[PDB]
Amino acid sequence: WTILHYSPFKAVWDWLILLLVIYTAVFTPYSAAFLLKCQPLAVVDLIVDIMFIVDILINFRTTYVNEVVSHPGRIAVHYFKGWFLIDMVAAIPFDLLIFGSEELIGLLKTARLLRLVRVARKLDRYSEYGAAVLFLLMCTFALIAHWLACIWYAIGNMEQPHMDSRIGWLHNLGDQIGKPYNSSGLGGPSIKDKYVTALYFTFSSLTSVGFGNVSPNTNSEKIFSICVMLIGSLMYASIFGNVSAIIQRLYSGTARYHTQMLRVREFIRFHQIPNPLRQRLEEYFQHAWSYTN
């Protein structure tokens, strides 16, 4: 057997894999930055890795446009010429492959971020609807804020063993919430306090609010903040350009309607059309527009 790329199954499967790419893009950077020194986030990662492997089996059993191609030999050779290498590197079980330090095993699973390429391959499906691309733009924005929160925590944390003597953002967080770092390294804020503050700071830098209770203080935090300001400005010229243009695309029926209504009303005022005739003109435009848009 072989699966048609326009079938109602393969359409729903491509929309389901988007949610497992969004899951990967959230929980992989978080586990790589915050959690490194059954669990639901161990077994759900195993379930999700099995589905990203089943998607390789579906890619060996899908038709594709050259006219459609429907022979398993002409399907398999096209997947090997195309994306199979990137898809297999995104599927190696590195957690089972080596036992080789635990820091390397924790970091190396960031190779799963190659699963973001399974969205770039399929924008011809996902971008078709205005309400779907507006959701992808807000998830692109919230994921870029989350990835920068994981980098901002990695920067804030790596300056404690290469010790600063109480300058970097984690010491200031400890004081501001009344959970200070003791000189033994004991105490300090929880992973919720550190994550929520890092996400708050990077939405505050990207959306340009800059609240000034978290503020960058060491040179690596300042050089990171210059990079977040260069990313945030290119992104506001692009994402919140396209969200405004997509709202204007949905609103385009109303914008055209009021433009043609204003022309009809201005014509009616310029000629001072008598009421017995004017009502026939301004009712006809509403009828004709309601039929043909």
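For clarity, a rigid core is taken as the largest C-alpha set superposing within 1.5 Å between two forms. The numbering used is simple: start at 1 and walk along the sequence shown.
- The segment moving more, judged by mean Cα distance from this form in 6 other deposited structures of this protein after a core overlay, is 88-96 among 88-96 and 207-215.
- When the other structures are laid on the shown form by the rigid core, the stretch among 236-244 and 24-32 with the greater C-alpha deviation in 6 other deposited structures of this protein turns out to be 236-244.
- Among other compared entries that model residues flanking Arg125, every one gives it coordinates, keeping it clear of the one-third cutoff.
- Among other deposited entries of this protein with both flanking residues present, none omit coordinates for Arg265; it is modelled throughout, well short of a third.
- Where coordinates are absent for parts of the deposited sequence, a chain break appears; between neighbours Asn66 and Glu67 it spans 1 to 3 residues.
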